[PDB]
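Let me begin by presenting the structure, written as structure tokens, before commenting on it.
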Amino acid sequence: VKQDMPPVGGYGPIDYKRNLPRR
Amino acid sequence: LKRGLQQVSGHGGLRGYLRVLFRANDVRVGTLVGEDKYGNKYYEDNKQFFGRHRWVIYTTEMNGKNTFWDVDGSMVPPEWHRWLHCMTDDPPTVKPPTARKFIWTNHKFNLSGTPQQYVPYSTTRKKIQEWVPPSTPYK
Amino acid sequence: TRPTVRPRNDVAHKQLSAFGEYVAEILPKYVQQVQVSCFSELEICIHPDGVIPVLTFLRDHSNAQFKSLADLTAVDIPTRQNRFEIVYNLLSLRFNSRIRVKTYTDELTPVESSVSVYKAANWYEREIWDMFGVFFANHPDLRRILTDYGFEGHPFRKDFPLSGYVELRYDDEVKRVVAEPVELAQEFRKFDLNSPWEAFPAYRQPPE
Amino acid sequence: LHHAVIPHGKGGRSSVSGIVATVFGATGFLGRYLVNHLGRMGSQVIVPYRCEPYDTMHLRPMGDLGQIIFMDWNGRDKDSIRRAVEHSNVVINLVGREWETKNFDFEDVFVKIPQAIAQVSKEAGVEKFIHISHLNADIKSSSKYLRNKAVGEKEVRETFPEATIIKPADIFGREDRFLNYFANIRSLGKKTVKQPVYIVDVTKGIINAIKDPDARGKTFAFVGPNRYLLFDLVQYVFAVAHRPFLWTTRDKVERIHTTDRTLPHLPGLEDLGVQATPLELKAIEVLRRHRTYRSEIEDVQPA
Amino acid sequence: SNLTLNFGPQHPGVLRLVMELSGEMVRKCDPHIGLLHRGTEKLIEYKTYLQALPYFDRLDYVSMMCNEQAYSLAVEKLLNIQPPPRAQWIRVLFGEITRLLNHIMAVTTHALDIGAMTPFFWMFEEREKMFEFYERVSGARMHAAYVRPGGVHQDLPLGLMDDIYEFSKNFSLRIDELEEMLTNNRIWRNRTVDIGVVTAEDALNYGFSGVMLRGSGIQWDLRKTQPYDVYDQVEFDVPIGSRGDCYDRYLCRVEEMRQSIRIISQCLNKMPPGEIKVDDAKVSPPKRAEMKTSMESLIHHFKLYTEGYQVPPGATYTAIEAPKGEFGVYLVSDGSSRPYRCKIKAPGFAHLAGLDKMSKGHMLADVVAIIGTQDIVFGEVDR
Amino acid sequence: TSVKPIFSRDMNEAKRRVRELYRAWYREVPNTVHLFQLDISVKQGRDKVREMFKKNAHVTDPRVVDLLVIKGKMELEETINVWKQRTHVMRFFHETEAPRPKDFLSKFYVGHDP
Amino acid sequence: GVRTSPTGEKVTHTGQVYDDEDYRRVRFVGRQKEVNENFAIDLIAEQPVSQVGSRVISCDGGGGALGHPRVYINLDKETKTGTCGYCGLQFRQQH
Amino acid sequence: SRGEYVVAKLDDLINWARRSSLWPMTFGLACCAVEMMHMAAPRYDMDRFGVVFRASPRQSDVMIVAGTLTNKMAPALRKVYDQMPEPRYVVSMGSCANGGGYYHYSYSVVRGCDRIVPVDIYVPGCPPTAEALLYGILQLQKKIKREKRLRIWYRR
Amino acid sequence: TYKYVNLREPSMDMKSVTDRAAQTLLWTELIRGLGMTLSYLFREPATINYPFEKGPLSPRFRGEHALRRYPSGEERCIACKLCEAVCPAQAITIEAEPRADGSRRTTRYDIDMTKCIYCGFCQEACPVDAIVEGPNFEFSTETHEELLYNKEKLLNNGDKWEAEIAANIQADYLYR
Ligand SMILES: NC(=O)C1=CN([C@@H]2O[C@H](COP(=O)(O)OP(=O)(O)OC[C@H]3O[C@@H](n4cnc5c(N)ncnc54)[C@H](OP(=O)(O)O)[C@@H]3O)[C@@H](O)[C@H]2O)C=CC1
Ligand code: SF4
Ligand code: SF4
Ligand code: SF4
Ligand SMILES: [Zn+2]
């Protein structure tokens with residue numbers, strides 16, 4: 001068999017947006 | 001808030017909690033993994049973050065150096081040097097490998113500024129073998 | 001030939017061939033070699049009387065913008081009369097192309113000093129003066145960049161050895177740092193690694 | 001001589017010269033300049049020290065990688081001294097403090113120190129032992145310092161007969177005792193002839209005596225080329241120090257009021273062969289620290 | 001006349017600067033650089049390719065994998081080798097990691113060079129985790145060679161991408177908190193807005209590269225125009241600056257960090273399980289099991305490490321988008337086992353060339369802000 | 001061999017530029033020996049400046065003399081500025097050689113030295 | 001386990017002990033000559049001479065990719081046992 | 001022995017006082033400076049040991065040489081090293097500093113920083129780990145523990 | 001694909017200009033930055049106690065190389081000079097002699113730790129895995145003499161531990 005490191009079915013999302021509360 | 005009574009009363013009370021306080025810094029004792037020849041103890045806690053998993057408590061009189069204060073590194077035997085730098089998940093009380101009769105049973109520690117340290121020298125025998133005069137005289 | 005062999009493109013090869021021919025047509029005075037390599041980057045090999053005309057043509061003319069200047073070096077080749085090769089490396093912005101203007105010179109010739117048409121070539125020209133030894137005439141400032149002031153010898157040549165002639169150490173006689181001839185502690189073993197048996201038959205020069 | 005005692009090539013910085021020098025004292029002034037010239041020669045310098053390792057740390061980066069070596073000693077045990085001169089080509093004796101202590105006096109430093117080391121270096125079997133002594137060291141009075149050095153010269157002449165007794169005048173240098181002692185003051189006016197000699201000429205004389213035999217046995221004397229008056233010396237050093245001004249023991253003031261005299265019955269610098277330098281160049285070198293910002297070369301040159 | 005100050009090698013990087021200033025607002029500044037001169041080009045001329053790869057690892061020292069990537073792609077471009085796809089994707093992932101590292105050190109050292117102390121400590125805890133990743137991958141703290149010409153050497157161990165995923169989430173939150181801390185901070189905006197304007201015409205004539213071209217108008221990305229690797233398959237956008245401000249250039253670096261987070265996310269999600277190195281034993285060394293139980297693998301190991309692989313004769317110039325700009329390497333190779341002459345185009349050198357136009361009409365604290373605002377490391381500027 | 005020049009046409013402009021540069025080096029020494037706080041009188045400094053000019057005396061080619069004029073003018077600019085330190089100006093001298101002799105006999109006692 | 005010269009200093013596995021006319025005896029003053037006291041010659045003469053019933057036999061070194069590359073050695077002489085150059089441990093044949 | 005008792009305990013007191021703070025200056029040319037900045041990180045502190053970064057040469061007790069010591073740099077190095085008070089201790093960090101290292105056979109590189117300043121503690125590595133550098137600083141503090149300056153001053 | 005920033009105009013709507021004026025006068029965002037610094041004040045410190053908790057590492061860490069030896073046998077090296085050929089710092093010095101047994105061996109195997117950049121090329125170039133970059137960081141040497149390792153300091157350093165080195169190699173012999 002093979003024992004590399006692939007991800008497990010695809011990982012989740014990672015946010016890439018500037019987050020400000022403007023309170 | 002309430003651990004601090006049972007952190008003192010579990011560590012040993014007035015006696016040990018002050019000794020290890022003035023030893024270097026910290027008081028996180030409570031897991032009790034295992035002691036070791038040359039006296040020193042190894043404590044692996046699980047609740048704290050990655051970096052404060054495993055600590056060591058050194059004991060006095062390991063080579064007659066008065067090591068109660070001024071504790072070095074390098075005093076740990078190499079199986080616990082594999083265990084303590086987080087290269088494994090098992091202590092060396094499970095499987096101490098590859099016994100190999102030539103291995104040091106002493107572990108002479110870091111020795112710079114001692115009477116017993118390394119000096120370099122040429123590990124090479126005679127180069128060109130200069131001539132030897134005859135012993136007899138003439139006339 | 002499909003796995004682990006870099007696939008070449010022929011569209012860029014044909015375009016750079018056509019463009020190199022076009023450049024050498026419109027500048028007949030200063031052009032000697034127009035070569036395209038296998039990986040499609042253009043090289044134009046140039047007499048040292050036309051550095052300012054070729055670069056003023058190539059920064060402008062609206063069919064080849066070439067706004068940006070990169071590496072300038074003059075690779076120190078023995079065995080020739082004219083030793084040094086100055087390599088202006090021109091990058092465009094509107095076109096995504098790379099050309100190398102390679103002009104030749106010997107040890108004692110002023111080339112026309114491209115600082116007036118590429119302001120980036122100021123420290124490049126000063127560095128090539130300090131390291132190689134090629135003087136540049138009609139130029140504002142020539143000083144020593146990347147070398148010590150008391151050091152000289154133009155060290156990037158093949159004639160200057162690996163270790164230098166001077167070596168600094170502090171001493172307490174004159175209470176300062178002094179320069180002494182080099183006394184190395186180890187040989188710097190040079191290895192004879194250039195094995196025979198001709199690893200490339202396609203680059204065989206014809207014999208005498 | 002075995003191999004690795006033959007010389008090799010040029011001088012200094014892992015260029016193996018052919019001497020192994022055990023240098024006593026060597027932590028103060030003259031020993032530090034002599035270790036400087038031996039590290040410039042490219043030799044092996046065994047310095048023993050009894051002090052903190054910080055001062056031999058300050059004189060440490062002189063020699064090359066592992067050329068100089070450090071070892072401890074004392075003025076009480078012959079075993080450490082014999083351990084210091086187990087195997088050595090040459091050995092030089094440069095020791096003596098200019099003021100007394102509670103553990104060691106002017107008495108028996110110059111009698112008990114050189115006898116013990118000369119005895120153990122004769123018994124260890126070395127050659128070319130060079131001992132420095134002060135000029136005008138005589139049995140005649142007015143200094144415990146000078147009468148003890150005279151007894152020391154007689155004792156190191158008696159035991160170990162093939163020794164090189166060498167004697168400089170009041171040497172001056174970058175970190176001098178007596179000229180810096182003159183600049184650090186506030187004074188009187190009298191007449192006394194006195195000839196300083198610069199320290200690098202003296203240590204060039206020492207290294208030529210230590211690698212140039214036919215000079216073994218004979219005692220040498222260093223004479224500066226000036227030989228002039230003390231009063232104009234003080235006024236010249238104040239004039240070059242830009243200040244007008246018109247441990248201080250009694251033995252030091254009687255040393256700087258002792259009239260230094262020379263006898264040509266023992267040869268000087270020319271029979272050894274190194275050029276001497278006058279005062280004024282090195283005087284303008286050492287006399288820094290004038291004022292905030294602050295030539296008139298006097299050059300008295302009497303007789 | 002005018003005050004000719006001599007700023008020595010003390011810390012306000014390391015340089016010498018002679019400024020003939022007028023009266024708290026300057027006249028003529030000259031950077032004497034070359035104090036950190038080492039002799040990299042002569043040393044590479046007297047060594048082989050694989051042996052002189054760490055010189056290209058450490059001529060620039062804050063970026064540690066993009067310089068390796070530039071030299072390895074120079075050799076792979078000259079030698080006609082396409083690397084395998086999993087090597088290309090790991091090379092892209094570590095290029096984005098090193099890009100994130102270099103931009104965050106440039107941001108924090110510019111903040112400390114002005115004088116703000118704490119986000120230095122925050123983002124250096126983050127960069128301690130970055131170095132933990134480099135340790136687990138190669139074994140070195142900083143100077144991982146790891147990028148052979150012929151693909152990535154000795155692929156990543158099992159159990160890494162989950163840690164990179166956790167680091168991605170937490171690092172997105174931490175850069176959002178950096179923008180929370182600074183960036184509309186009033187005194188810092190007062191510190192750097194109108195200093196160091198650069199006309200795009202002068203940005204092309206003075207040979208500025210990378211972030212300076214983004215700040216001064218013109219849209220120019222090597223990753224978008226000339227895809228030298230699998231960057232054409234990952235989707236990202238480059239930030240552009242409207243005004244030529246220093247504040248604008250700061251915003252551009254922060255948004256390049258954020259786009260590096262995007263490319264790391266897609267590279268984790270689209271990893272192919274191809275192979276470590278190339279399918280050619282004459283360039284990459286064979287693996288150790290085949291070396292031991294094979295004759296030809298032992299012969300190729302032995303000759304490939306003593307003599308090295310030969311390179312066909314020719315000259316090439318490649319350049320990749322390092323975080324400082326167009327990091328360029330120009331190899332000239334006689335057909336042999338050693339390169340004949342290599343030379344390095346440094347974006348920091350090209351940026352420091354225009355220090356006169358960046359500090360003509362400003363004061364000396366603004367000169368320190370201009371020296372800080374370009375990611376200049378003074379080891380790469382030396383060549 | 002119609003070679004491009006640097007500055008000159010023959011040795012006449014070469015001699016004119018080198019005597020101009022020597023005049024500059026003559027009037028440039030005492031300012032520096034007052035400034036950098038050296039230990040050497042002005043006359044010895046001027047003697048070694050004219051020794052450095054007498055060292056290259058067998059040079060005949062005009063381009064080479066032009067390039068030496070350029071070298072000397074660059075170093076005179078770097079010494080009239082305060083860029084060079086005390087170390088380099090003392091490095092022009094030779095006080096720490098312990099100089100090797102030139103007789104055959106003392107080259108024979110420390111041998112392997114042609 | 002180790003030999004020692006009559007100068008008092010330990011020899012090594014290579015016979016490089018100094019003479020009476022050196023100064024490296026003085027560079028060893030106060031600091032120990034850290035010699036390996038475990039020679040490499042005598043830990044093979046204690047090994048059992050193995051006897052393998054074939055004629056030409058393999059040698060790995062105890063583990064795939066943990067040890068020297070394979071050497072196939074011949075055991076046809078009757079008075080001299082075959083000897084691996086990598087290992088150092090002998091073999092014999094039985095028939 | 002009462003006076004020797006007093007002098008010994010006072011020597012231990014002042015040596016503890018010296019080894020307690022030890023705030024350095026940071027010379028730091030190349031990537032070893034970045035590793036010094038990474039032992040300025042929170043995961044490896046300096047304020048647990050009294051160590052504070054301070055670029056003032058006139059009030060720095062110890063000095064860390066780090067990076068490639070070139071010929072153009074070394075006069076400025078000892079020009080910094082001279083204006084530094086009577087206790088001074090030097091830590092040579094990095095393969096470039098403690099013996100030349102990777103740029104060893106070249107012009108314009110001093111073959112190790114022993115040729116310019118004396119060196120107390122060598123910490124090899126390239127870069128030496130911040131953890132390893134911290135171990136070297138603790139061994140520097142133990143060298144401060146073993147000074148015996150005042151004992152030698154008494155028994156002079 | 002470009003995403004350009006710094007494009008807003010000052011809105012002459014009353015709410016935007018009075019919010020910018022309130023920002024300018026009432027010190028809003030500076031107290032917001034103070035709030036962020038207080039939010040990191042009330043955390044737990046991410047420090048580790050050094051002399052009791054040594055930091056984490058990797059099973060392929062490079063530093064303090066030493067020579068291995070065979071399981072219950074002699075030295076593992078051959079003096080084949082591959083490591084001297086590949087050493088980019090040129091720190092390795094090998095002089096080879098065979099002993100009386102006839103196996104090819106050494107006399108001198110000297111490494112300068114000062115010159116050593118610590119690549120790993122001598123770890124990976126050795127065919128029999130004789131020299132291996134060890135686990136630790138324990139040099140901290142007072143003298144420049146002592147950082148020049150002979151063959152016997154290397155063999156004492158390879159005999160001070162093999163269990164560590166054998167454990168790291170047995171952990172990671174299937175990658176390289
Ligand atoms: N005016 C001058 O300078 C002249 C000096 N001399 C001679 O030069 C020599 C050196 O003088 P100088 O350098 O100026 O002064 P120092 O006193 O500083 O030099 C003497 C050296 O020997 C050491 N030393 C002295 N006494 C003892 C002792 N009892 N036990 C151990 N070590 C001791 C000193 O200190 P430490 O113990 O710390 O090593 C120092 O290292 C002396 O012998 C003196 O006679 C000769 C002519 C002129
Ligand atoms: S020793 Fe290594 S890490 Fe330190 S400056 Fe040199 S190359 Fe950089
Ligand atoms: S590569 Fe290995 S077997 Fe060869 S000489 Fe080096 S340590 Fe010995
Ligand atoms: S790790 Fe050190 S000894 Fe090994 S090849 Fe590199 S420089 Fe040479
Ligand atoms: Zn075998």
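Chain identifiers are assigned as A, B, and so on, following the order in which chains appear in the structure tokens; residues are numbered from 1 within each chain, and ligands are numbered from 1 in order of appearance.
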
Would you give me, as number ranges by chain, the residues in stretch 21-121 of chain B that DSSP reads as strand (DSSP E or B)?
B: 34-35, 41-44, 54-57

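Taking only C-alpha atoms and all ligand atoms into account, the protein and nucleic acid residues that come at most 7 Å from ligand 5 are residues 59, 60, 61, 68, 70, 71, 84, 85, 86, 87 and 88 of chain G.
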
Proximal residues of chain A relative to chain E (only C-alpha atoms; 6 Å) as a PyMOL selection string
chain A and resi 5+10+14

Residues near stretch 157-174 of chain I, cut-off 6 Å, only C-alpha atoms, skip fewer than 3 positions along chain, as a ChimeraX atom specification:
/B:98,103-104 /I:59,66-68,153-154

Within 12 Å of chain C, which residues of chain I are there when counting only C-alpha atoms? Please give them as a PyMOL selection string.
chain I and resi 84-93+112+115

Export, as a PDB file, in the first residue's frame, the selected residues with C-alpha atoms.
ATOM      1  CA  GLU I  84      35.191  14.657   3.201  1.00  0.00           C
ATOM      2  CA  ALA I  85      34.243  14.908  -0.474  1.00  0.00           C
ATOM      3  CA  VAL I  86      30.770  16.293   0.249  1.00  0.00           C
ATOM      4  CA  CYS I  87      31.512  18.551   3.252  1.00  0.00           C
ATOM      5  CA  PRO I  88      30.617  22.057   2.009  1.00  0.00           C
ATOM      6  CA  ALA I  89      32.506  23.859   4.749  1.00  0.00           C
ATOM      7  CA  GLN I  90      35.469  21.517   4.116  1.00  0.00           C
ATOM      8  CA  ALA I  91      35.654  20.653   7.790  1.00  0.00           C
ATOM      9  CA  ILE I  92      36.326  16.906   7.581  1.00  0.00           C
ATOM     10  CA  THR I  93      39.935  15.681   7.707  1.00  0.00           C
ATOM     11  CA  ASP I 112      35.991  21.318  13.138  1.00  0.00           C
ATOM     12  CA  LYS I 115      33.703  25.411  10.536  1.00  0.00           C
TER      13      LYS I 115
END

Residues of chain I that have any atom at most 12 Å from an atom of ligand 2: could you tabulate them with the shortest-distance atom pair and the distance in Å to one decimal, using only C-alpha atoms and all ligand atoms, ordered by chain and increasing number, as JSON lines?
{"residue": "I:89", "atom": "CA", "partner": "ligand 2", "partner_atom_place_in_ligand_line": "7 (S)", "distance": 11.2}
{"residue": "I:113", "atom": "CA", "partner": "ligand 2", "partner_atom_place_in_ligand_line": "1 (S)", "distance": 11.1}
{"residue": "I:114", "atom": "CA", "partner": "ligand 2", "partner_atom_place_in_ligand_line": "1 (S)", "distance": 9.0}
{"residue": "I:115", "atom": "CA", "partner": "ligand 2", "partner_atom_place_in_ligand_line": "1 (S)", "distance": 9.0}
{"residue": "I:116", "atom": "CA", "partner": "ligand 2", "partner_atom_place_in_ligand_line": "1 (S)", "distance": 9.0}
{"residue": "I:117", "atom": "CA", "partner": "ligand 2", "partner_atom_place_in_ligand_line": "2 (Fe)", "distance": 6.3}
{"residue": "I:118", "atom": "CA", "partner": "ligand 2", "partner_atom_place_in_ligand_line": "2 (Fe)", "distance": 8.8}
{"residue": "I:119", "atom": "CA", "partner": "ligand 2", "partner_atom_place_in_ligand_line": "2 (Fe)", "distance": 10.4}

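Based on only C-alpha atoms and all ligand atoms, the protein and nucleic acid residues found within 6 Å of ligand 3 are, by chain and then by number, residues 77, 78, 79, 80, 81, 82, 83, 125, 126, 128, 130 and 131 of chain I.
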
Residues as selected, N, CA, C and O atoms, written as a PDB file, in the first residue's frame, can you do that?
ATOM      1  N   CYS I  77      32.844   3.090  10.573  1.00  0.00           N
ATOM      2  CA  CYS I  77      33.403   3.829   9.452  1.00  0.00           C
ATOM      3  C   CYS I  77      34.370   2.980   8.643  1.00  0.00           C
ATOM      4  O   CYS I  77      34.866   1.943   9.086  1.00  0.00           O
ATOM      5  N   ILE I  78      34.620   3.447   7.425  1.00  0.00           N
ATOM      6  CA  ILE I  78      35.450   2.743   6.460  1.00  0.00           C
ATOM      7  C   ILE I  78      36.641   3.585   6.015  1.00  0.00           C
ATOM      8  O   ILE I  78      37.638   3.022   5.529  1.00  0.00           O
ATOM      9  N   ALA I  79      36.609   4.896   6.264  1.00  0.00           N
ATOM     10  CA  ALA I  79      37.443   5.902   5.607  1.00  0.00           C
ATOM     11  C   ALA I  79      37.334   5.757   4.096  1.00  0.00           C
ATOM     12  O   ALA I  79      38.291   5.433   3.395  1.00  0.00           O
ATOM     13  N   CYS I  80      36.117   5.973   3.615  1.00  0.00           N
ATOM     14  CA  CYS I  80      35.851   6.002   2.191  1.00  0.00           C
ATOM     15  C   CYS I  80      35.875   7.413   1.637  1.00  0.00           C
ATOM     16  O   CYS I  80      35.770   7.584   0.420  1.00  0.00           O
ATOM     17  N   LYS I  81      35.954   8.411   2.516  1.00  0.00           N
ATOM     18  CA  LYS I  81      36.132   9.828   2.213  1.00  0.00           C
ATOM     19  C   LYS I  81      34.968  10.442   1.443  1.00  0.00           C
ATOM     20  O   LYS I  81      35.122  11.515   0.852  1.00  0.00           O
ATOM     21  N   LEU I  82      33.793   9.804   1.468  1.00  0.00           N
ATOM     22  CA  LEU I  82      32.593  10.437   0.931  1.00  0.00           C
ATOM     23  C   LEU I  82      32.208  11.681   1.714  1.00  0.00           C
ATOM     24  O   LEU I  82      31.818  12.694   1.122  1.00  0.00           O
ATOM     25  N   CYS I  83      32.314  11.634   3.041  1.00  0.00           N
ATOM     26  CA  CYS I  83      31.928  12.797   3.830  1.00  0.00           C
ATOM     27  C   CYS I  83      32.923  13.940   3.657  1.00  0.00           C
ATOM     28  O   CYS I  83      32.523  15.111   3.610  1.00  0.00           O
ATOM     29  N   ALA I 125      25.408  11.313   3.192  1.00  0.00           N
ATOM     30  CA  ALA I 125      26.361  10.822   2.211  1.00  0.00           C
ATOM     31  C   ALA I 125      27.027   9.533   2.640  1.00  0.00           C
ATOM     32  O   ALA I 125      27.596   8.833   1.799  1.00  0.00           O
ATOM     33  N   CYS I 126      26.976   9.216   3.918  1.00  0.00           N
ATOM     34  CA  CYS I 126      27.648   8.042   4.437  1.00  0.00           C
ATOM     35  C   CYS I 126      26.867   6.797   4.049  1.00  0.00           C
ATOM     36  O   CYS I 126      25.680   6.699   4.377  1.00  0.00           O
ATOM     37  N   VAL I 128      27.207   3.585   5.014  1.00  0.00           N
ATOM     38  CA  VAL I 128      26.972   2.643   6.096  1.00  0.00           C
ATOM     39  C   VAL I 128      26.418   3.326   7.337  1.00  0.00           C
ATOM     40  O   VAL I 128      26.324   2.691   8.389  1.00  0.00           O
ATOM     41  N   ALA I 130      27.676   5.763   9.295  1.00  0.00           N
ATOM     42  CA  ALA I 130      28.631   5.816  10.395  1.00  0.00           C
ATOM     43  C   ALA I 130      28.512   7.115  11.180  1.00  0.00           C
ATOM     44  O   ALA I 130      28.360   7.089  12.404  1.00  0.00           O
ATOM     45  N   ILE I 131      28.581   8.252  10.503  1.00  0.00           N
ATOM     46  CA  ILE I 131      28.411   9.546  11.151  1.00  0.00           C
ATOM     47  C   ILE I 131      26.956   9.981  11.031  1.00  0.00           C
ATOM     48  O   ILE I 131      26.363   9.938   9.947  1.00  0.00           O
TER      49      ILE I 131
END

Would you give me, as an NGL selection string, the residues of chain E that come within 8 Å of chain H, using only C-alpha atoms?
:E and (9-11 or 13-14 or 34-40 or 43 or 61-62 or 121-122 or 124-125 or 128 or 141-143 or 379)

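Using only C-alpha atoms and all ligand atoms, we find that the residues with an atom at most 6 Å from any atom of ligand 1 are residues 25, 26, 27, 28, 29, 30, 49, 50, 51, 75, 94, 95, 96, 97, 98, 104, 133, 134, 168, 169, 170, 171 and 177 of chain D.
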
Taking N, CA and C atoms for each residue, export the selection above as a short mmCIF file (atom, residue, chain, number, x, y, z; two decimals), in the first residue's frame.
data_model
loop_
_atom_site.label_atom_id
_atom_site.label_comp_id
_atom_site.auth_asym_id
_atom_site.auth_seq_id
_atom_site.Cartn_x
_atom_site.Cartn_y
_atom_site.Cartn_z
N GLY D 25 55.51 35.37 35.71
CA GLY D 25 54.83 36.64 35.81
C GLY D 25 53.84 36.81 34.68
N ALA D 26 54.20 37.65 33.71
CA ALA D 26 53.60 37.80 32.38
C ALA D 26 52.19 38.37 32.40
N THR D 27 51.63 38.69 33.56
CA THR D 27 50.29 39.25 33.62
C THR D 27 50.32 40.77 33.59
N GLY D 28 51.41 41.37 34.05
CA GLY D 28 51.52 42.81 34.07
C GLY D 28 51.90 43.42 32.74
N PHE D 29 52.85 44.35 32.78
CA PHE D 29 53.17 45.19 31.63
C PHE D 29 54.15 44.52 30.66
N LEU D 30 55.37 44.28 31.15
CA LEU D 30 56.47 43.87 30.28
C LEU D 30 56.25 42.45 29.78
N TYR D 49 49.87 31.72 35.84
CA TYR D 49 49.25 32.83 36.52
C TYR D 49 48.73 32.34 37.86
N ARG D 50 48.78 33.20 38.87
CA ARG D 50 48.20 32.90 40.16
C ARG D 50 46.95 33.72 40.42
N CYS D 51 46.60 34.60 39.50
CA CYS D 51 45.51 35.55 39.70
C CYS D 51 44.21 34.99 39.13
N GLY D 75 54.06 30.71 44.88
CA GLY D 75 55.40 31.02 45.33
C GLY D 75 55.81 30.17 46.52
N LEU D 94 60.46 37.09 35.01
CA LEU D 94 59.94 38.46 35.01
C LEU D 94 58.93 38.50 36.14
N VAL D 95 59.35 38.94 37.32
CA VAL D 95 58.46 38.92 38.48
C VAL D 95 58.91 40.01 39.44
N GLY D 96 57.97 40.49 40.25
CA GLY D 96 58.27 41.48 41.26
C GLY D 96 57.28 42.62 41.32
N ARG D 97 56.71 42.83 42.50
CA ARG D 97 55.74 43.89 42.72
C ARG D 97 56.46 45.08 43.34
N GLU D 98 56.06 46.28 42.94
CA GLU D 98 56.73 47.50 43.37
C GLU D 98 56.31 47.96 44.76
N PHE D 104 53.66 38.66 50.99
CA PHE D 104 54.95 38.64 50.32
C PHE D 104 55.58 40.02 50.41
N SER D 133 66.62 41.91 35.55
CA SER D 133 66.83 42.62 36.81
C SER D 133 66.87 44.11 36.52
N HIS D 134 66.71 44.92 37.55
CA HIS D 134 66.78 46.36 37.34
C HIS D 134 68.23 46.79 37.25
N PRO D 168 67.39 46.17 32.04
CA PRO D 168 67.00 47.41 31.38
C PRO D 168 67.08 48.58 32.35
N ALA D 169 66.98 49.77 31.78
CA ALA D 169 66.85 50.99 32.56
C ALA D 169 65.38 51.19 32.92
N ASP D 170 65.02 52.40 33.34
CA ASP D 170 63.62 52.68 33.63
C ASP D 170 62.83 52.73 32.33
N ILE D 171 62.26 51.59 31.95
CA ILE D 171 61.58 51.47 30.66
C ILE D 171 60.28 52.26 30.69
N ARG D 177 54.67 52.66 34.28
CA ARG D 177 54.58 53.04 35.68
C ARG D 177 55.10 54.45 35.95
#

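Shortest separation to chain D among I:39, I:106, I:1, I:143 occurs at residue I:143, atoms counted being only C-alpha atoms.
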
Please provide the set of residues having any atom within 7 Å of residue F:14, restricted to only C-alpha atoms, with same-chain residues fewer than 6 positions apart removed, written as an mmCIF file with N, CA, C and O atoms, in the first residue's frame.
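The file below, result.cif, is the result:
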data_model
loop_
_atom_site.group_PDB
_atom_site.id
_atom_site.type_symbol
_atom_site.label_atom_id
_atom_site.label_comp_id
_atom_site.auth_asym_id
_atom_site.auth_seq_id
_atom_site.Cartn_x
_atom_site.Cartn_y
_atom_site.Cartn_z
ATOM 1 N N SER F 8 43.875 60.850 -21.649
ATOM 2 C CA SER F 8 45.030 61.512 -22.226
ATOM 3 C C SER F 8 45.187 61.177 -23.705
ATOM 4 O O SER F 8 44.335 60.529 -24.320
ATOM 5 N N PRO F 62 50.120 55.177 -21.351
ATOM 6 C CA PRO F 62 49.347 56.339 -20.884
ATOM 7 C C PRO F 62 48.013 55.983 -20.257
ATOM 8 O O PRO F 62 47.584 56.674 -19.322
ATOM 9 N N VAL F 65 48.764 54.959 -16.618
ATOM 10 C CA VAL F 65 49.027 56.109 -15.757
ATOM 11 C C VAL F 65 47.737 56.875 -15.485
ATOM 12 O O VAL F 65 47.524 57.372 -14.372
ATOM 13 N N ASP F 66 46.836 56.934 -16.473
ATOM 14 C CA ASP F 66 45.527 57.542 -16.242
ATOM 15 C C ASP F 66 44.731 56.773 -15.195
ATOM 16 O O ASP F 66 44.109 57.374 -14.307
#
